[PDB]
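In this text, residue positions in the sequence shown follow the entry's author numbering: the first is 1, and each later residue adds one.
Yeah, the Cβ is synthetic: ideal placement off N, Cα and C, and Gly gets one too.
Working notes, beginning with the structure itself.
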Amino acid sequence: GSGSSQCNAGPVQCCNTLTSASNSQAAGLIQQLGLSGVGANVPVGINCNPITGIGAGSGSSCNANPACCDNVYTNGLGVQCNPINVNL
Numbered sequence: 001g002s003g004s005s006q007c008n009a010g011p012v013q014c015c016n017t018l019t020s021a022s023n024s025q026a027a028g029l030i031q032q033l034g035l036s037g038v039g040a041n042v043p044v045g046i047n048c049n050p051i052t053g054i055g056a057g058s059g060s061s062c063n064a065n066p067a068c069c070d071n072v073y074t075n076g077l078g079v080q081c082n083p084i085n086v087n088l
């Protein structure tokens, strides 16, 4: 097991903050990568990494905010991050 059982759009992500692309944190990153097409209502994951360390929490989960994203860039910017159910 890799720990990425959830998320059909890729591997499981652990974001420092799940917010919208209208957030200054997100757009800062978005504009760092030069991402066009991401509107203000678009979901994004701030500082997201792939949760591939089984053992953190109840197994695989994020201490901050767990999400599934369409794309996650190495700066940690995720696009289209939907919140994962972790004892939601």
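Thinking residue i and residue j are a contact (beta carbons under 8 Å), I'd like their distance in whole angstroms, please.
i   : j   : result
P50 : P83 : The pair is not a contact, with the Cβ atoms about 16 Å apart (cut-off 8 Å).
In chain order, what residues of the same chain have a beta carbon less than 6 Å from the beta carbon of residue i, not counting five sequence neighbours either side?
i           : result
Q80         : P43, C69, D70
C7          : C68
residue 167 : The shown model of the chain, from 1 to 88, leaves out residue 167, and the question about it has no answer.
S4          : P11, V12
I54         : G3, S60
Taking Cβ positions, are residue i and residue j nearer each other than 8 Å?
i   : j   : result
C48 : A27 : no
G45 : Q13 : yes
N65 : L29 : no
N41 : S20 : yes
Apart from the five residues just before and just after residue i, which ones in its own chain have a Cβ nearer than 7 Å to its Cβ?
i   : result
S2  : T52
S22 : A40
Quick check on residue i: does DSSP put it in helix, strand or coil?
i   : result
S24 : helix
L18 : strand
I84 : coil
May I ask you to verify whether the stretch 54 to 61 touches the stretch 75 to 83, counting CB pairs closer than 8 Å and requiring at least 3? no
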